[PDB]
Engineer: 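Here it is, the structure, as structure tokens.
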Amino acid sequence: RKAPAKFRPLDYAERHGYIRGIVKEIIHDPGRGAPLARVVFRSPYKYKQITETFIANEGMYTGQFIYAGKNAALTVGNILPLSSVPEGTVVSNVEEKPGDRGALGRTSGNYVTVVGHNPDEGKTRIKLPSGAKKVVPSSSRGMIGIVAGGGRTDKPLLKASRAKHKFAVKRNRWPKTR
Amino acid sequence: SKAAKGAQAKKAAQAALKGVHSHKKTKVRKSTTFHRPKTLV
Amino acid sequence: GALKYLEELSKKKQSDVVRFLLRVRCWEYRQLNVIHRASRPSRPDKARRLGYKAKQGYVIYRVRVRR
Amino acid sequence: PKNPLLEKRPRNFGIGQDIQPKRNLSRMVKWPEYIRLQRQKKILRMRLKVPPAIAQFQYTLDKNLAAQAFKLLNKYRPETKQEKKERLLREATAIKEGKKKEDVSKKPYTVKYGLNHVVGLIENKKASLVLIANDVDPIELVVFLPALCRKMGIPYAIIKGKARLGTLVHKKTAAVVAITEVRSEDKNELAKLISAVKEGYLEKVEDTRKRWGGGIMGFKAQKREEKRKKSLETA
RNA sequence: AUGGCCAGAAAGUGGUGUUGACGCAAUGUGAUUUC
RNA sequence: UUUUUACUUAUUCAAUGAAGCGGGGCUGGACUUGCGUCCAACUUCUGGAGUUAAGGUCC
């Protein structure tokens with residue numbers, strides 16, 4: 001593991017318009033069932049490019065342009081605030097509060113379903129993959145699509161070696177004694 | 001305007017009661033980083 | 001002298017003026033370091049009756065301890 | 001004529017296009033801790049409700065009256081080291097020639113300084129005029145002084161600058177100064193200054209000295225309160 | 001997630017956590033077939 | 001003396017390289033009033049490039 005899989009810090013660009021990034025690589029994260037998308041953005045204040053790691057939704061490819069911000073279009077790979085999405089759209093890597101760079105629905109094949117908006121309170125209601133019903137601030141960002149790598153748990157592990165190789169990078173207690 | 005003449009009278013009162021040195025120069029800072037000033041060693 | 005008035009004022013610790021001063025000074029001392037040098041005693045009458053003199057070689061250090 | 005080889009390249013500083021220019025970020029500079037502490041200390045002293053005995057020190061003498069007071073008091077600065085040395089040499093000469101020091105030295109007239117000395121003079125009702133610095137820290141050293149002067153019937157005035165009083169008394173800082181008596185050619189000036197203080201400072205602060213200070217809300221909080229009150233009035 | 005499981009005498013202390021339900025933690029049973 | 005109903009200045013949590021927070025002014029669009037609100041200023045076919053201010057005007 002090299003870098004955490006977080007969104008951009010919330011700044012002027014996402015709070016007022018949109019910014020374009022380029023997907024350079026799709027990489028395997030050891031200990032994580034989902035691929036990570038390495039996306040390079042521009043810095044609005046300096047000449048150097050900023051390289052970032054996202055959680056890759058299904059259908060992304062290398063060389064794809066994604067758009068993150070308030071006014072970005074509704075396309076797979078775009079990062080949008082929940083105020084900018086309609087009813088029934090599911091998003092991934094949802095922020096609990098604006099600025100924590102995403103906390104909800106990060107696992108492969110999972111998504112968070114925006115079930116409602118309350119514009120008077122500036123809030124939104126969402127449905128979690130566990131079936132829980134939650135209220136989050138509507139300025140929290142969400143990333144369009146469902147997380148790539150779905151169907152991972154359908155295949156049986158079938159071997160103690162494969163379970164060992166699964167948990168040896170995940171640090172979980174294995175083998176488990178009664 | 002009435003607000004304009006009131007502002008002129010208030011400025012005259014401020015100058016009479018406090019003086020004319022109402023403004024202070026402030027350095028502009030293109031960075032948000034403060035550095036320790038280099039002094040004589 | 002003024003220190004008689006300061007002593008009788010320091011006896012009244014629940015008055016509005018003393019409570020206000022204690023509140024703002026507690027805020028300042030909590031945002032300062034746990035141990036830090038005071039340039040002068042904040043209670044000159046108490047320091048003088050405990051032995052402080054305005055002479056070179058007398059130092060005042062302010063400290064907070066968990067109660 | 002201008003050379004046609006020159007061309008203009010305007011830069012648009014919107015989002016996503018060319019790099020933002022270097023603007024003044026002084027409102028958002030990460031200041032050192034002591035600067036932040038002193039600014040927050042001043043802000044907190046404005047925000048909290050100040051009792052009247054401290055808030056009475058906000059009302060000070062104005063520029064003209066403070067200038068007249070310093071014009072009078074600058075004639076009565078204390079003796080310097082060189083002047084005292086010369087006076088001591090003259091008195092030693094008089095002693096050697098067989099005369100008292102009172103025969104060669106006259107009665108001095110100076111301003112009185114030092115907090116204990118001025119408080120003693122006020123209690124003995126000797127001080128004709130008292131000037132108290134507005135920025136003594138700790139404030140307990142002078143917080144009783146207006147009440148003491150009011151009880152003793154002494155004209156007092158709060159003036160800006162303990163350093164300004166120190167320039168009078170040849171020190172870095174003086175908390176309070178006083179005049180007990182002056183020379184005959186300055187008695188009229190002292191009486192005129194005392195009367196000017198009486199009808200120009202004390203009569204104006206007679207009511208405002210009893211009020212609680214502070215209570216000022218912030219800029220953003222005031223804007224929020226104005227918006228809320230406007231919304232409540234509209235709805 | 002102002003969460004669960006923990007650790008430390010305490011801490012502006014640490015782990016899980018470069019973690020977010022196809023996950024984490026504790027259990028009971030223990031391929032398939034039968035049930 | 002009690003209740004709620006708010007505010008932020010104590011205290012707690014989070015983010016940043018403490019970079020654009022709030023209130024106004026300019027422009028355009030909507031409604032309403034018969035001229036105040038709110039809402040937007042700015043980059044979407046392309047795995048390129050963007051950095052040393054170009055320029056205007058008084059000296």
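Lettering of chains follows the sequences in order, A, B, ..., and the numbering in each one begins at 1.
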Engineer: Does the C1'-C2'-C3'-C4' torsion put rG28(F) in the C3'-endo-side north group or the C2'-endo-side south group?
Structural biologist: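 On the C3'-endo side: north.
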Engineer: Could you check whether the rings of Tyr5(C) and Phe144(D) sit parallel, tilted or perpendicular, using 30° and 60° as the cut-offs?
Structural biologist: parallel
Engineer: Taking the side chain as C-beta and beyond, is there a heavy-atom pair between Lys123(A) and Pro137(A) under 4.5 Å?
Structural biologist: yes
Engineer: With a 4.0 Å cutoff (strictly under), does any side-chain N or O of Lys227(D) reach OP1 or OP2 of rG23(F)?
Structural biologist: yes
Engineer: With a 4.0 Å cut-off on heavy atoms, is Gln20(D) in touch with a base, just the backbone sugar-phosphate, or nothing at all?
Structural biologist: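 It contacts base atoms.
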Engineer: If the P atom of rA11(E) is compared with that of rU29(E), how far apart are they to the nearest Å?
Structural biologist: 41 Å
Engineer: Determine the Euclidean distance between corresponding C1' atoms of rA21(E) and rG4(E); express it in Å to zero decimal places.
Structural biologist: 13 Å
Engineer: So, are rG4(E) and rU16(E) a pair, meaning Watson-Crick or G-U wobble with each of the two distances under 3.5 Å?
Structural biologist: yes
Engineer: If you look at every strand shown and take non-hydrogen atoms under 4.0 Å, does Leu48(D) touch a base, only sugar-phosphate, or nothing?
Structural biologist: base
Engineer: Just wondering, do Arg62(C) and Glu28(C) contact through their side chains at under 4.5 Å, heavy atoms?
Structural biologist: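 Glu28(C) does not reach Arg62(C) side chain to side chain.
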Engineer: When all nucleic acid strands are considered with a 4.0 Å heavy-atom cut-off, which category describes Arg30(C): base, sugar-phosphate, or nothing?
Structural biologist: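 If one applies the 4.0 Å heavy-atom cut-off, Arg30(C) turns out to touch the sugar-phosphate alone, with no base involved.
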Engineer: When you measure from the side-chain N and O atoms of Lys134(A) to the phosphate of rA1(E), is any distance below 4.0 Å, counting only OP1 and OP2?
Structural biologist: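 Answer yes for this pair, as a side-chain N or O of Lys134(A) is under 4.0 Å from OP1 or OP2.
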Engineer: Is the ring pair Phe34(B)/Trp31(D) parallel, tilted or perpendicular, if the boundaries are 30 and 60 degrees?
Structural biologist: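 Aromatic pair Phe34(B)/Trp31(D) classed tilted.
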Engineer: Students often get this wrong, so: under 4.0 angstrom with heavy atoms, is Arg36(D) touching a base, only sugar-phosphate, or nothing?
Structural biologist: base
Engineer: Could you check whether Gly109(A) gets within reach of a base, just the sugar-phosphate, or nothing at all, counting any heavy atom under 4.0 Å?
Structural biologist: base
Engineer: So, is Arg178(A) near the phosphate of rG28(E), with a side-chain N or O under 4.0 Å from OP1 or OP2?
Structural biologist: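 For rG28(E), OP1/OP2 do not have a side-chain N/O of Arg178(A) under 4.0 Å.
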Engineer: Let's test your reading of the model: under 3.5 Å, does the base of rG47(F) pair with the side chain of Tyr61(A) as donor and acceptor?
Structural biologist: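 No.
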Engineer: Nearest to the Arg152(A) side chain among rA18(F), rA6(F), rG23(E), which nucleotide is it?
Structural biologist: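 Of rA18(F), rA6(F), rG23(E), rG23(E) is nearest to the side chain of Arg152(A).
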Engineer: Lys170(A) near the nucleic acid: base, sugar-phosphate alone, or nothing, with a heavy-atom cut-off under 4.0 Å?
Structural biologist: sugar-phosphate
Engineer: Would you indicate what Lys46(A) reaches in the nucleic acid, counting non-hydrogen atoms under 4.0 angstrom: base, sugar-phosphate, or nothing?
Structural biologist: base
Engineer: Tell me if the side-chain of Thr62(A) makes a donor-acceptor pair with the base of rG47(F), cut-off 3.5 Å, by modelled atom types.
Structural biologist: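 It does, because a donor-acceptor pair links the side chain of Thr62(A) to the base of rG47(F) below 3.5 Å.
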Engineer: What is the sugar pucker of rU18(E), north (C3'-endo side) or south (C2'-endo side), as given by the torsion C1'-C2'-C3'-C4'?
Structural biologist: south
Engineer: Contact between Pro146(D) and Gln56(D) at the side-chain level, heavy atoms closer than 4.5 Å - yes or no?
Structural biologist: yes
Engineer: Does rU37(F) carry a north or a south sugar when the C1'-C2'-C3'-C4' torsion is used to decide?
Structural biologist: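 Pucker of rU37(F): north.
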Engineer: Quick one: is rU11(F) close enough that its OP1 or OP2 comes under 4.0 Å of any side-chain N or O from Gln31(C)?
Structural biologist: yes
Engineer: Which way does the sugar of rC38(F) pucker, north or south, judged by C1'-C2'-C3'-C4'?
Structural biologist: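 A south-puckered sugar, given its negative torsion.
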Engineer: Within the pair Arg106(A) and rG20(E), is there a side-chain N or O less than 4.0 Å away from OP1 or OP2?
Structural biologist: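 Yes, within the criterion.
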Engineer: Please report the distance separating the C1' of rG17(E) from the corresponding atom of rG23(E), rounded so that it comes out in whole Å.
Structural biologist: 12 Å
Engineer: Between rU44(F), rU8(F), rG55(F), which one does the side chain of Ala72(A) approach most closely?
Structural biologist: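 Closest nucleotide among those given: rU44(F).
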Engineer: Are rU11(F) and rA15(F) base-paired in the Watson-Crick or G-U wobble sense, both distances less than 3.5 Å?
Structural biologist: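 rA15(F) does not match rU11(F) under the WC/wobble rule.
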Engineer: So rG36(F) and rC31(F), Watson-Crick or G-U wobble pair with both distances under 3.5 Å, or not?
Structural biologist: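 The answer is yes: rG36(F) partners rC31(F).
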Engineer: State the sugar conformation of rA30(F) as north or south, using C1'-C2'-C3'-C4' as the deciding torsion.
Structural biologist: north
Engineer: With respect to the phosphate group of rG50(F), does any side-chain polar atom (N or O) of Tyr47(A) fall under 4.0 Å of OP1 or OP2?
Structural biologist: yes
Engineer: Can you figure out which of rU52(F), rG12(E), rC42(F) approaches the side chain of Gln17(D) most closely?
Structural biologist: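 Nearest to the side-chain atoms of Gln17(D), counting from C-beta on, is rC42(F).
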Engineer: I want to check something: taking the side chain as every heavy atom from C-beta on, are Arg101(A) and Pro9(A) in contact at a cut-off of under 4.5 Å?
Structural biologist: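 When only atoms from C-beta onward are counted, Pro9(A) and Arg101(A) do touch, with a gap below 4.5 Å.
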Engineer: What is the nucleic acid contact for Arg101(A), judged by heavy atoms within less than 4.0 Å: base, sugar-phosphate only, or nothing?
Structural biologist: sugar-phosphate
Engineer: Rounding to the closest angstrom, what is the interatomic distance between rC5(E) and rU9(F) at atom P?
Structural biologist: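 It works out to 38 Å between them.
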Engineer: Assuming nearest nucleotide by heavy-atom distance, tell me which of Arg23(C) and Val29(D) is located more 5' along RNA chain F.
Structural biologist: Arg23(C)
Engineer: Mind checking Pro21(D) for me? I need base, sugar-phosphate or nothing, with any heavy atom below 4.0 Å counting as a touch.
Structural biologist: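 The answer is base, as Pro21(D) lies within the cut-off (heavy atoms under 4.0 Å) of a base atom.
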Engineer: Can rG47(F) and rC21(F) be counted as a Watson-Crick or G-U wobble pair, both distances below 3.5 Å?
Structural biologist: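 When the criterion is applied, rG47(F) and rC21(F) do not count as a base pair.
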Engineer: Select base, sugar-phosphate, or nothing to describe what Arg23(D) touches, counting heavy atoms under 4.0 Å on all strands.
Structural biologist: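 Base contact - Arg23(D) has a heavy atom under 4.0 Å of at least one base atom.
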Engineer: Do any side-chain nitrogens or oxygens of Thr33(B) fall under 4.0 Å of OP1 or OP2 in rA18(F)?
Structural biologist: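 Checking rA18(F) against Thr33(B), a side-chain N or O does come within under 4.0 Å of OP1 or OP2.
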Engineer: Are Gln8(B) and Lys11(B) close enough, and set up right, to give a side chain to side chain donor-acceptor pair (under 3.5 Å), and what steps lead you there?
Structural biologist: CA-CA 5 Å; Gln8(B) 186 216 6; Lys11(B) 194 76 204 166; over 6 Å; no
Engineer: Can you check whether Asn172(A) has a side-chain N or O nearer than 4.0 Å to OP1 or OP2 of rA25(E)?
Structural biologist: yes
Engineer: When the P atoms of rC38(F) and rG22(F) are considered, how many whole Å apart are they?
Structural biologist: 13 Å
Engineer: Look at the side-chain N and O atoms of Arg171(A) and state whether any lies under 4.0 Å from the OP1 or OP2 oxygen of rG17(E).
Structural biologist: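 Checking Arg171(A) against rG17(E): at least one side-chain N or O falls below 4.0 Å of OP1 or OP2.
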Engineer: Please classify the nucleic acid contact of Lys176(A) as base, sugar-phosphate, or nothing, using heavy-atom distances under 4.0 Å.
Structural biologist: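 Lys176(A): no heavy atom of the nucleic acid under 4.0 Å.
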Engineer: Heavy atoms under 4.0 Å, any strand shown: does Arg15(A) hit a base, just sugar-phosphate, or nothing?
Structural biologist: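 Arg15(A): backbone/sugar contact only, no base atoms under 4.0 Å.
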Engineer: Using atom P of each nucleotide, how far apart are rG30(E) and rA7(E) to the nearest Å?
Structural biologist: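 Per the computed distance, 31 Å lies between those P atoms.
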Engineer: Base, sugar-phosphate, or nothing: which does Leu6(D) touch, judged by heavy atoms less than 4.0 Å apart?
Structural biologist: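 Sugar-phosphate only.
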Engineer: Categorize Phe13(D) for me: base, sugar-phosphate, or nothing, with a 4.0 angstrom heavy-atom threshold over every strand shown.
Structural biologist: base
Engineer: Do we count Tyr18(A) as stacking onto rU43(F) if the rule is ring centres under 5.5 Å and planes under 30°?
Structural biologist: yes
Engineer: Is the shortest side-chain heavy-atom distance between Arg37(C) and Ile60(C) below 4.5 Å?
Structural biologist: no
Engineer: Distance between the P atoms of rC22(E) and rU18(E), in whole angstroms?
Structural biologist: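 It comes out at 23 Å once rounded to the nearest Å.
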Engineer: Compute whether any side-chain donor of one residue and acceptor of the other, for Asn134(D) and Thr60(D), lie under 3.5 angstrom apart.
Structural biologist: no
Engineer: Taking the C1' atom of each, how far is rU33(F) from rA15(F), in whole Å?
Structural biologist: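 Pairwise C1' distance, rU33(F) against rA15(F), rounds to 43 Å.
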Engineer: Apply the side chain to side chain donor-acceptor pair (under 3.5 Å) test between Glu225(D) and each candidate in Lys227(D), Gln222(D), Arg228(D), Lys229(D); give the one that qualifies.
Structural biologist: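 Of the listed residues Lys227(D), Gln222(D), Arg228(D), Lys229(D), the side chain to side chain donor-acceptor pair (under 3.5 Å) partner of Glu225(D) is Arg228(D).
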